[PDB]
Amino acid sequence: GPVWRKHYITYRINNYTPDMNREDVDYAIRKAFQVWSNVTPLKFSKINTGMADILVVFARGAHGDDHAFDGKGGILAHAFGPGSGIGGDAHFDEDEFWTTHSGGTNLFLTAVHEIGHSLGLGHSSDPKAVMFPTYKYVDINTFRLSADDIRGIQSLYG
Ligand SMILES: O=NC(=O)CNS(=O)(=O)c1ccc(F)cc1
Ligand SMILES: [Ca+2]
Ligand SMILES: [Ca+2]
Ligand SMILES: [Ca+2]
Ligand SMILES: [Zn+2]
Ligand SMILES: [Zn+2]
């Protein structure tokens, strides 16, 4: 399907969850982008004003697209594949409790998966893949993409 046709990609954080320290949100998102730039030719840059390729949004319930959120649990986040406008954007359900650790829902881990979608990946049937569509906490300090994730992304880029 669709991929970004350029190497320099921008992101912007639209708003911040009150669940976390601001700096921790910035760092979780930055690290999640780094996971993918590690294994592709892409470069990601945070911008503070204007139109970014990938807008990161925290919202609850109905929030202006065809993917209303469902309160605590269930759908944690969703993202749109590469394209103009809302293409690339990643939305996180504010009815979750976002964290830097094993409590609540880990923002970094969720964001790695969502950014996969923002870059054009679909879901994997392999439970070991970050793109497996079921949330399960794993240690973030030593996180690695599965072989399936790497072959998926390198089928699109590089
Ligand atoms: O992209 N959104 C989805 O696939 C919807 N499922 S999810 O929110 O439980 C979810 C989100 C992110 C994960 F890493 C795992 C599960
Ligand atoms: Ca939810
Ligand atoms: Ca966009
Ligand atoms: Ca919340
Ligand atoms: Zn949405
Ligand atoms: Zn998904």
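Nothing fancy with the numbering, it's 1 onward along the sequence. Order of appearance sets the numbers: ligands from 1, and atoms from 1 within every ligand. Atom set for the values below is all heavy atoms of this structure, side chains included, hydrogens, waters and symmetry mates excluded.
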Near the Zn ion (ligand 6), which protein N/O/S atoms fall under 2.8 Å? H113 NE2, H117 NE2, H123 NE2
Would you mind reporting whether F33 and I115 have side-chain heavy atoms less than 4.5 Å apart? yes
Side chains of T10 and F44: closer than 4.5 Å at any heavy-atom pair? no
So what's near the Ca ion (ligand 4), protein N, O or S atoms under 3.0 Å? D19 OD1, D19 OD2, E94 O, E94 OE2, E96 O
I need the protein N, O or S atoms closer than 3.0 Å to the Ca ion (ligand 3), given as residue plus atom name. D53 O, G85 O, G87 O, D89 OD1
Parallel, tilted or perpendicular for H67 and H78, by the 30°/60° rule? parallel
Look up atom NE2 in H113 and atom CG in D149, then write down how far apart they are to the nearest 0.5 Å. 9.5 Å
Closest heavy-atom pair and its distance - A111, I29: CB-CD1, 3.8 Å
What pairs with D148 under side chain to side chain donor-acceptor pair (under 3.5 Å), at least two apart in sequence or on another chain? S124, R151
Are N106 and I140 packed together at the side-chain level, in the sense that at least one heavy-atom pair is separated by less than 4.5 angstrom? yes
Taking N21 as the fixed residue, which of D19, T17, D24 is the one that meets the side-chain hydrogen bond (donor to acceptor under 3.5 Å, both in side chains) rule? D24
Measure from NZ or CZ of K46 to the centre of the six-membered ring of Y11 and say whether it is under 6.0 Å with the direction within 45° of the ring axis. no
Centroid-centroid distance, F108 to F143, less than 6.0 Å: yes
Would you say the ring centroid of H91 lies under 6.0 angstrom from that of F69? no
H123 atom NE2: more than 12 heavy-atom contacts under 6.0 Å: yes
Counting only heavy atoms not in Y16 (residues, nucleotides, ligands), do more than 12 fall under 6.0 Å from its OH? yes
